[PDB]
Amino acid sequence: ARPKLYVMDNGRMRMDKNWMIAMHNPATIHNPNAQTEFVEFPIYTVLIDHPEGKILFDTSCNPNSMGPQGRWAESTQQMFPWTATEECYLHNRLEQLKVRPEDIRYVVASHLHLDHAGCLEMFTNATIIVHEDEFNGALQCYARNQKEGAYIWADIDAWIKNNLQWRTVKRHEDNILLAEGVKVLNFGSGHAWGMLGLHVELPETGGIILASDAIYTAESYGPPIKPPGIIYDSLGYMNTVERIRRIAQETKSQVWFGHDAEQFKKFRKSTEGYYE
């Protein structure tokens, strides 16, 4: 197989840096009212144009997330504001590559947060691969009518209404070989209830690990590891980062972080090319 892998720019988000890096700047006796910062970071998705079938990793935010008529709760909009030009919308990014949603064979949902699962509803022809624990957690949010937080009720509503084709990765399930040189990594609980990653082996570029929010940024990764404020299972989170580091070493893979502004700037984006 000679795939082409694309990085698609799906806009920017801002939030308290403490969400990204827990206790990044603790107050001290002579600085008792230490103030935080509102950091900007990229939202992106990855398309693997593979001869066996197109694979999409993450889906960014829904185009109708923000605004007075937005799907996101106002509180969510104020804490995690998403800014994106029309060109940044996933459907537009795919269109400019002459890729229709119906062309996508597999969508790998790293997790079901607002900035990763926003456009799942587009892909009614794909198998949606998601960690069973993440799926269960999101569905409970829905059933419990939770309208605030990182799991968007209106998004989940749409997934169900659109009759998406789910394939859950079981808690103790081994890696899934999706296609030649493409493996779904079962990271389990950490940042969220159930994290999935991808290992891609490209002929030219070599190994890539898509970590998503298992590792927010290079600052997260270190060493030393600097865990997030947004966290479910702290032990699991630490285990996963260390696991990724080992895999990266042993397979000579690059690690692509969830939301690293510096790393993202270096990427060849879908408007400039791809990785072979």
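Heads up: residue numbers just count along the shown sequence, starting at 1.
According to the PDB record, 24 to 32 carries the higher mean C-alpha B-factor of the two stretches 24 to 32 and 209 to 217. Of the two segments examined, 82 to 90 and 124 to 132, it is 82 to 90 that shows the higher average Cα temperature factor in the deposited entry.
Across the options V39, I55, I225, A248, the residue with the most elevated CA B-factor in the record is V39. Per the deposited coordinates, the residue with the largest Cα temperature factor out of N162, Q140, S189, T168 is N162. Residue-level temperature factors show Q77 in the highest third of its chain, judged at the C-alpha atom.
Ranked within its chain, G194 lands in the lowest third, by CA B factor from the PDB record. The entry lists a Cα temperature factor for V7 that places it in the lowest third of the chain's modelled residues.
For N239, the recorded CA B-factor ranks within the lowest third of the chain. Only modelled residues enter the ranking. Per-chain ranking of the deposited C-alpha B factor places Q146 in the highest third.
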